[PDB]
$ cat start32.csv   # CSV, C-alpha atoms and all ligand atoms
chain,number,residue,atom,x,y,z
A,408,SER,CA,73.6,98.9,132.1
A,409,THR,CA,75.8,97.3,129.4
A,410,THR,CA,79.3,98.0,128.2
A,411,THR,CA,81.4,96.7,125.3
A,412,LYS,CA,85.1,96.6,125.6
A,413,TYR,CA,87.8,95.7,123.1
A,414,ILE,CA,91.1,93.8,122.9
A,415,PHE,CA,93.1,94.8,119.8
A,416,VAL,CA,95.2,91.7,118.9
A,417,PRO,CA,98.0,92.2,116.3
A,418,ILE,CA,99.2,89.5,114.0
A,419,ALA,CA,102.7,90.4,113.1
A,420,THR,CA,106.3,89.4,112.9
A,421,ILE,CA,109.2,91.6,114.1
A,422,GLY,CA,109.4,95.0,112.5
A,423,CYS,CA,106.0,95.1,110.9
A,424,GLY,CA,105.1,98.4,112.6
A,425,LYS,CA,103.1,96.9,115.5
A,426,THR,CA,104.7,98.8,118.4
A,427,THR,CA,104.9,102.0,116.3
A,428,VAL,CA,101.2,101.8,115.3
A,429,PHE,CA,100.0,101.0,118.9
A,430,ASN,CA,102.2,103.8,120.3
A,431,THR,CA,100.7,106.2,117.8
A,432,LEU,CA,97.2,105.1,118.8
A,433,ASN,CA,97.9,105.4,122.5
A,434,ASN,CA,99.4,108.9,121.9
A,435,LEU,CA,96.1,109.9,120.2
A,436,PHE,CA,93.9,108.0,122.7
A,437,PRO,CA,95.6,107.9,126.1
A,438,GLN,CA,92.7,106.0,127.6
A,439,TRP,CA,93.5,103.0,125.3
A,440,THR,CA,95.8,101.0,127.5
A,441,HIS,CA,99.0,99.9,125.6
A,442,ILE,CA,100.3,96.7,127.3
A,443,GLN,CA,103.7,95.7,125.8
A,444,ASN,CA,104.7,92.1,126.2
A,445,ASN,CA,108.3,93.2,125.6
A,446,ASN,CA,108.2,95.2,128.8
A,447,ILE,CA,106.9,92.4,131.1
A,448,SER,CA,109.5,90.6,133.2
A,449,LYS,CA,109.2,86.9,132.8
A,450,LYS,CA,109.2,86.4,136.6
A,451,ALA,CA,106.3,88.9,136.8
A,452,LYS,CA,103.2,87.4,138.3
A,453,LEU,CA,100.9,89.6,136.2
A,454,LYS,CA,101.4,88.5,132.6
A,455,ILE,CA,100.0,90.3,129.6
A,456,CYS,CA,96.6,88.5,129.8
A,457,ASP,CA,96.3,89.4,133.5
A,458,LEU,CA,97.1,93.1,133.0
A,459,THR,CA,94.6,93.1,130.1
A,460,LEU,CA,91.8,92.1,132.3
A,461,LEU,CA,92.9,94.4,135.2
A,462,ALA,CA,92.8,97.3,132.7
A,463,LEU,CA,89.3,96.3,131.5
A,464,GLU,CA,88.1,96.5,135.1
A,465,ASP,CA,88.4,100.2,135.1
A,466,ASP,CA,85.3,102.1,134.0
A,467,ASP,CA,87.5,104.5,132.0
A,468,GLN,CA,89.1,101.8,129.9
A,469,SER,CA,87.4,100.6,126.7
A,470,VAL,CA,90.4,99.3,124.7
A,471,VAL,CA,93.5,97.3,125.4
A,472,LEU,CA,96.2,97.4,122.7
A,473,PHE,CA,97.5,93.9,123.3
A,474,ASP,CA,101.1,94.4,122.0
A,475,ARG,CA,102.5,91.0,121.2
A,476,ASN,CA,103.4,89.5,117.8
A,477,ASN,CA,101.0,86.5,117.9
A,478,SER,CA,102.5,85.3,114.7
A,479,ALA,CA,101.6,81.7,115.5
A,480,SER,CA,98.0,80.5,115.6
A,481,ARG,CA,98.7,78.9,119.0
A,482,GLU,CA,99.5,82.4,120.3
A,483,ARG,CA,96.1,83.6,119.2
A,484,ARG,CA,94.5,80.5,120.8
A,485,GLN,CA,96.2,81.4,124.1
A,486,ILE,CA,94.6,84.8,124.2
A,487,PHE,CA,91.1,83.6,123.5
A,488,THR,CA,91.4,80.7,125.9
A,489,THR,CA,93.1,82.6,128.7
A,490,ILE,CA,90.9,85.7,128.6
A,491,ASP,CA,87.7,83.6,128.3
A,492,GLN,CA,88.8,81.5,131.3
A,493,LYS,CA,89.9,84.4,133.5
A,494,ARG,CA,87.4,87.1,132.7
A,495,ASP,CA,85.0,86.1,135.4
A,496,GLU,CA,87.7,86.7,138.0
A,497,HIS,CA,87.6,90.4,136.9
A,498,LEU,CA,84.5,91.5,135.0
A,499,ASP,CA,80.8,91.3,135.8
A,500,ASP,CA,78.3,89.9,133.3
A,501,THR,CA,77.3,93.4,131.9
A,502,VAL,CA,80.7,93.7,130.1
A,503,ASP,CA,80.9,92.3,126.6
A,504,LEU,CA,84.4,91.7,125.3
A,505,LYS,CA,85.2,92.0,121.6
A,506,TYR,CA,88.4,90.8,120.0
A,507,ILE,CA,89.6,93.0,117.0
A,508,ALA,CA,92.4,91.4,114.9
A,509,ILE,CA,94.9,94.0,113.5
A,510,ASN,CA,96.5,92.1,110.6
A,511,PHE,CA,100.0,93.5,109.8
A,512,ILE,CA,101.0,91.0,107.0
A,513,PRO,CA,98.8,91.3,103.9
A,514,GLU,CA,97.9,88.0,102.2
A,515,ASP,CA,99.4,89.4,99.0
A,516,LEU,CA,102.8,90.1,100.5
A,517,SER,CA,105.5,87.6,99.5
A,518,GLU,CA,107.8,86.2,102.2
A,519,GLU,CA,110.8,87.7,100.3
A,520,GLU,CA,109.3,91.2,100.5
A,521,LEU,CA,108.2,90.7,104.1
A,522,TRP,CA,111.8,89.9,104.9
A,523,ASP,CA,113.1,92.8,102.8
A,524,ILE,CA,110.9,95.4,104.5
A,525,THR,CA,111.2,94.2,108.0
A,526,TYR,CA,114.8,93.1,108.3
A,527,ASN,CA,116.0,96.4,106.8
A,528,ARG,CA,113.8,98.4,109.1
A,529,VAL,CA,115.2,96.6,112.1
A,530,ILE,CA,118.8,97.0,111.1
A,531,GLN,CA,118.5,100.6,109.7
A,532,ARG,CA,116.1,102.1,112.4
A,533,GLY,CA,116.3,99.8,115.4
A,534,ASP,CA,113.9,97.5,117.2
A,535,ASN,CA,113.4,97.2,121.0
A,536,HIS,CA,112.4,93.6,121.0
A,537,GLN,CA,114.5,92.6,124.0
A,538,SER,CA,116.4,89.7,122.5
A,539,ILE,CA,117.6,91.9,119.6
A,540,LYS,CA,117.6,95.4,121.1
A,541,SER,CA,121.4,95.5,121.3
A,542,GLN,CA,122.0,94.3,117.7
A,543,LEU,CA,125.6,93.5,118.7
A,544,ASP,CA,125.3,90.3,116.7
A,545,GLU,CA,123.5,90.9,113.4
A,546,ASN,CA,123.5,87.1,113.0
A,547,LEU,CA,121.4,86.9,116.2
A,548,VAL,CA,118.9,89.5,114.9
A,549,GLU,CA,118.5,87.6,111.6
A,550,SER,CA,118.1,84.3,113.6
A,551,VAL,CA,115.4,85.7,115.9
A,552,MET,CA,113.5,87.4,113.1
A,553,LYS,CA,113.6,84.2,111.1
A,554,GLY,CA,112.1,82.4,114.0
A,555,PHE,CA,109.0,84.5,114.1
A,556,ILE,CA,108.6,84.3,110.4
A,557,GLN,CA,109.0,80.5,110.5
A,558,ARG,CA,106.3,80.3,113.1
A,559,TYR,CA,104.0,82.7,111.3
A,560,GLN,CA,100.6,81.3,110.4
A,561,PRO,CA,98.3,83.8,108.5
A,562,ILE,CA,95.0,84.7,110.0
A,563,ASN,CA,92.2,82.4,109.0
A,564,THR,CA,88.8,83.3,110.4
A,565,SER,CA,87.1,80.3,108.7
A,566,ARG,CA,88.6,78.0,111.4
A,567,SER,CA,89.8,77.9,115.0
A,568,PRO,CA,91.2,79.9,116.7
A,569,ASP,CA,90.9,82.9,114.4
A,570,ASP,CA,87.2,82.4,113.9
A,571,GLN,CA,86.8,83.9,117.4
A,572,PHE,CA,87.7,87.4,116.3
A,573,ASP,CA,84.7,89.7,116.1
A,574,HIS,CA,86.3,92.0,113.5
A,575,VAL,CA,89.5,92.1,111.4
A,576,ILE,CA,91.3,95.3,110.3
A,577,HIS,CA,93.6,94.7,107.3
A,578,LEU,CA,96.7,96.7,107.2
A,579,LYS,CA,99.2,97.4,104.5
A,580,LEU,CA,103.0,96.7,104.5
A,581,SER,CA,105.3,98.3,102.0
A,582,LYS,CA,108.8,99.7,101.5
A,583,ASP,CA,109.2,103.4,102.3
A,584,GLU,CA,108.9,105.4,99.1
A,585,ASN,CA,109.3,109.2,99.3
A,586,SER,CA,107.2,110.6,102.3
A,587,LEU,CA,105.0,107.5,102.4
A,588,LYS,CA,105.3,105.2,105.4
A,589,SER,CA,103.0,102.3,105.7
A,590,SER,CA,102.8,102.6,109.5
A,591,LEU,CA,101.2,106.1,109.2
A,592,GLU,CA,98.9,104.7,106.4
A,593,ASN,CA,97.9,101.9,108.8
A,594,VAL,CA,97.1,104.3,111.7
A,595,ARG,CA,94.7,106.1,109.3
A,596,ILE,CA,93.3,102.7,108.2
A,597,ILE,CA,92.6,101.8,111.8
A,598,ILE,CA,91.1,105.2,112.7
A,599,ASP,CA,88.9,105.2,109.6
A,600,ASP,CA,87.7,101.6,110.2
A,601,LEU,CA,86.8,102.4,113.8
A,602,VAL,CA,85.1,105.8,112.9
A,603,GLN,CA,82.9,103.9,110.5
A,604,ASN,CA,82.3,100.6,112.4
A,605,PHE,CA,82.8,101.5,116.1
A,606,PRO,CA,81.7,105.1,116.7
A,607,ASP,CA,81.6,104.4,120.4
A,608,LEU,CA,85.5,104.4,120.2
A,609,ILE,CA,86.1,107.3,117.9
A,610,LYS,CA,83.1,109.6,117.7
A,611,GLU,CA,85.0,112.1,115.5
A,612,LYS,CA,88.2,111.6,113.5
A,613,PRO,CA,91.1,113.6,115.2
A,614,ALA,CA,92.7,116.4,113.2
A,615,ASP,CA,95.2,115.2,110.7
A,616,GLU,CA,97.9,117.4,112.2
A,617,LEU,CA,97.5,115.6,115.5
A,618,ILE,CA,97.5,112.1,113.9
A,619,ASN,CA,100.7,112.9,112.0
A,620,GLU,CA,102.3,114.4,115.1
A,621,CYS,CA,101.4,111.4,117.3
A,622,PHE,CA,102.9,109.2,114.6
A,623,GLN,CA,106.1,111.3,114.5
A,624,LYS,CA,106.5,110.9,118.2
A,625,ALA,CA,106.0,107.1,118.0
A,626,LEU,CA,108.4,106.8,115.0
A,627,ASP,CA,111.1,108.8,117.0
A,628,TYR,CA,110.5,107.0,120.3
A,629,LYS,CA,113.4,105.4,122.1
A,630,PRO,CA,112.7,103.8,125.5
B,1,LIG,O1,106.2,102.8,108.2
B,1,LIG,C1,107.4,102.7,108.6
B,1,LIG,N1,108.4,103.0,107.8
B,1,LIG,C2,109.7,102.9,108.2
B,1,LIG,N2,110.1,102.5,109.4
B,1,LIG,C3,109.1,102.2,110.3
B,1,LIG,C4,107.7,102.3,110.0
B,1,LIG,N3,107.1,102.0,111.1
B,1,LIG,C5,108.0,101.7,112.0
B,1,LIG,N4,109.2,101.8,111.6
B,1,LIG,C6,110.5,101.6,112.3
B,1,LIG,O2,110.7,100.2,112.2
B,1,LIG,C7,111.3,99.7,113.4
B,1,LIG,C8,110.5,98.6,114.1
B,1,LIG,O3,109.3,99.2,114.6
B,1,LIG,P1,108.1,98.2,114.9
B,1,LIG,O4,106.9,99.1,115.2
B,1,LIG,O5,107.8,97.2,113.8
B,1,LIG,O6,108.6,97.5,116.2
B,1,LIG,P2,108.0,96.0,116.7
B,1,LIG,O7,108.9,94.9,116.1
B,1,LIG,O8,108.3,96.1,118.2
B,1,LIG,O9,106.6,95.9,116.5
B,1,LIG,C9,111.4,101.0,114.3
B,1,LIG,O10,112.7,101.5,114.3
B,1,LIG,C10,110.4,101.9,113.7
B,1,LIG,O11,110.7,103.3,114.0

$ encode --input "start32.csv" --output "structure tokens"
Amino acid sequence: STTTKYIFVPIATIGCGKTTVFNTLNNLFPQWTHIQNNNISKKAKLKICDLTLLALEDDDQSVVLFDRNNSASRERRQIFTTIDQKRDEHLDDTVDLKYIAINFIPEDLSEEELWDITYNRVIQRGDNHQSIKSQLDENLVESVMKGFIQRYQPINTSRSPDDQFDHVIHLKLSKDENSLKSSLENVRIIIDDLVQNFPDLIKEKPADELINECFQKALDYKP
């Protein structure tokens, strides 16, 4: 009769944990399609929005993890506008699409600490963002990361375009201290939020051993 499907839209800069968190969630929930802008050729005729809608055509798909930074408000505007315009090419009128913002940069986080956490993650642990995956020029890494931060516009659901989100999940971002890693905390935040608010997506919280193992795999993942 009627189906609701979801597009999880991150708002992040480089090294905030976006790919790690989405890889963890896909490890846990293989039916949640993880579409990585970083892996799409720029001559490809199917761009991330096209692949998103193709994925949502499948009856077995309920969630697309839309893996792109979307640090600028114009980038969020593009998702809403393009998906809204193109969905009729792909989906019948019994499918309701909901957009879930996954906010990776807390309002309370200073730009200095955003830089401190993310730049040192990228240099110490690596990042597969294509323009910086080599890191043969640490000046280039700094310059690209600064570009995303310069363009970053915090989520604001009291105005266009972010008022089009149906739900926002607020993540944490902090320096690693002892065994604590904010990306694993954030996986749990997402799972708990969906268990409570979207039981159609997670009827029962997975065992903690499995959540932690899926996170370990994502943390260790090299492509
Ligand atoms: O909570 C964390 N603590 C420490 N390092 C992390 C955490 N989450 C991800 N990382 C590491 O940070 C680096 C950047 O990962 P991220 O998921 O931010 O990539 P992204 O820029 O493609 O979204 C990776 O080497 C990853 O393993």

$ closest_residue --input "start32.csv" --among "A:438, A:510, A:431, A:590" --to "ligand LIG 1 (chain B)" --atoms "only C-alpha atoms and all ligand atoms"
A:590

$ closest_atom_pairs --input "start32.csv" --of "chain A" --to "ligand LIG 1 (chain B)" --cutoff "7 Å" --atoms "all atoms listed in the file" --output "CSV"
residue,atom,partner,partner_atom,distance
A:420,CA,B:LIG1,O7,6.9
A:421,CA,B:LIG1,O7,3.9
A:422,CA,B:LIG1,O5,3.0
A:423,CA,B:LIG1,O5,4.0
A:424,CA,B:LIG1,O5,3.2
A:425,CA,B:LIG1,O9,3.8
A:426,CA,B:LIG1,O4,3.9
A:427,CA,B:LIG1,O4,3.7
A:428,CA,B:LIG1,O4,6.3
A:528,CA,B:LIG1,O2,4.7
A:529,CA,B:LIG1,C7,5.1
A:532,CA,B:LIG1,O10,3.9
A:533,CA,B:LIG1,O10,4.1
A:534,CA,B:LIG1,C8,4.7
A:535,CA,B:LIG1,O8,5.9
A:536,CA,B:LIG1,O8,5.6
A:583,CA,B:LIG1,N1,5.6
A:588,CA,B:LIG1,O1,3.8
A:589,CA,B:LIG1,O1,4.1
A:590,CA,B:LIG1,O1,3.6
A:591,CA,B:LIG1,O1,6.1
A:626,CA,B:LIG1,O11,4.3
A:627,CA,B:LIG1,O11,6.3

$ write_last_selection --input "start32.csv" --atoms "C-alpha atoms" --output "PDB file, keeping the file's coordinate frame"
ATOM      1  CA  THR A 420     106.300  89.400 112.900  1.00  0.00           C
ATOM      2  CA  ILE A 421     109.200  91.600 114.100  1.00  0.00           C
ATOM      3  CA  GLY A 422     109.400  95.000 112.500  1.00  0.00           C
ATOM      4  CA  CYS A 423     106.000  95.100 110.900  1.00  0.00           C
ATOM      5  CA  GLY A 424     105.100  98.400 112.600  1.00  0.00           C
ATOM      6  CA  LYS A 425     103.100  96.900 115.500  1.00  0.00           C
ATOM      7  CA  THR A 426     104.700  98.800 118.400  1.00  0.00           C
ATOM      8  CA  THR A 427     104.900 102.000 116.300  1.00  0.00           C
ATOM      9  CA  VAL A 428     101.200 101.800 115.300  1.00  0.00           C
ATOM     10  CA  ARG A 528     113.800  98.400 109.100  1.00  0.00           C
ATOM     11  CA  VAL A 529     115.200  96.600 112.100  1.00  0.00           C
ATOM     12  CA  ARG A 532     116.100 102.100 112.400  1.00  0.00           C
ATOM     13  CA  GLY A 533     116.300  99.800 115.400  1.00  0.00           C
ATOM     14  CA  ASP A 534     113.900  97.500 117.200  1.00  0.00           C
ATOM     15  CA  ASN A 535     113.400  97.200 121.000  1.00  0.00           C
ATOM     16  CA  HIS A 536     112.400  93.600 121.000  1.00  0.00           C
ATOM     17  CA  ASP A 583     109.200 103.400 102.300  1.00  0.00           C
ATOM     18  CA  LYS A 588     105.300 105.200 105.400  1.00  0.00           C
ATOM     19  CA  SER A 589     103.000 102.300 105.700  1.00  0.00           C
ATOM     20  CA  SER A 590     102.800 102.600 109.500  1.00  0.00           C
ATOM     21  CA  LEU A 591     101.200 106.100 109.200  1.00  0.00           C
ATOM     22  CA  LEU A 626     108.400 106.800 115.000  1.00  0.00           C
ATOM     23  CA  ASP A 627     111.100 108.800 117.000  1.00  0.00           C
TER      24      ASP A 627
END

$ closest_atom_pairs --input "start32.csv" --of "segment 487-560 of chain A" --to "segment 472-481 of chain A" --cutoff "6 Å" --atoms "only C-alpha atoms" --output "JSON lines"
{"residue": "A:558", "atom": "CA", "partner": "A:479", "partner_atom": "CA", "distance": 5.5}
{"residue": "A:559", "atom": "CA", "partner": "A:478", "partner_atom": "CA", "distance": 4.5}
{"residue": "A:560", "atom": "CA", "partner": "A:479", "partner_atom": "CA", "distance": 5.2}

$ closest_residue --input "start32.csv" --among "A:524, A:463, A:609, A:576" --to "residue 412 of chain A" --atoms "only C-alpha atoms"
A:463

$ residues_around --input "start32.csv" --residues "residue 610 of chain A" --least-positions-apart "6" --cutoff "10 Å" --atoms "only C-alpha atoms" --output "MDAnalysis selection string"
chainID A and resid 601:603

$ write_last_selection --input "start32.csv" --atoms "C-alpha atoms" --output "PDB file, in the coordinates of the input"
ATOM      1  CA  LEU A 601      86.800 102.400 113.800  1.00  0.00           C
ATOM      2  CA  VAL A 602      85.100 105.800 112.900  1.00  0.00           C
ATOM      3  CA  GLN A 603      82.900 103.900 110.500  1.00  0.00           C
TER       4      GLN A 603
END

$ closest_residue --input "start32.csv" --among "A:621, A:596, A:502, A:578" --to "residue 437 of chain A" --atoms "all atoms listed in the file"
A:621

$ closest_residue --input "start32.csv" --among "A:549, A:500, A:592, A:482" --to "residue 567 of chain A" --atoms "all atoms listed in the file"
A:482

$ atom_distance --input "start32.csv" --atom1 "atom CA of residue 457 of chain A" --atom2 "atom CA of residue 430 of chain A"
20.4 Å

$ residues_around --input "start32.csv" --residues "residue 467 of chain A" --least-positions-apart "2" --cutoff "12 Å" --atoms "only C-alpha atoms" --output "ChimeraX atom specification"
/A:410-412,436-440,461-465,469-471,608

$ closest_residue --input "start32.csv" --among "A:545, A:466, A:523, A:620" --to "residue 594 of chain A" --atoms "all atoms listed in the file"
A:620

$ closest_residue --input "start32.csv" --among "A:539, A:414, A:485, A:468" --to "residue 568 of chain A" --atoms "only C-alpha atoms"
A:485

$ residues_around --input "start32.csv" --residues "residue 493 of chain A" --least-positions-apart "3" --cutoff "12 Å" --atoms "all atoms listed in the file" --output "PyMOL selection string"
chain A and resi 456-461+485-490+496-499
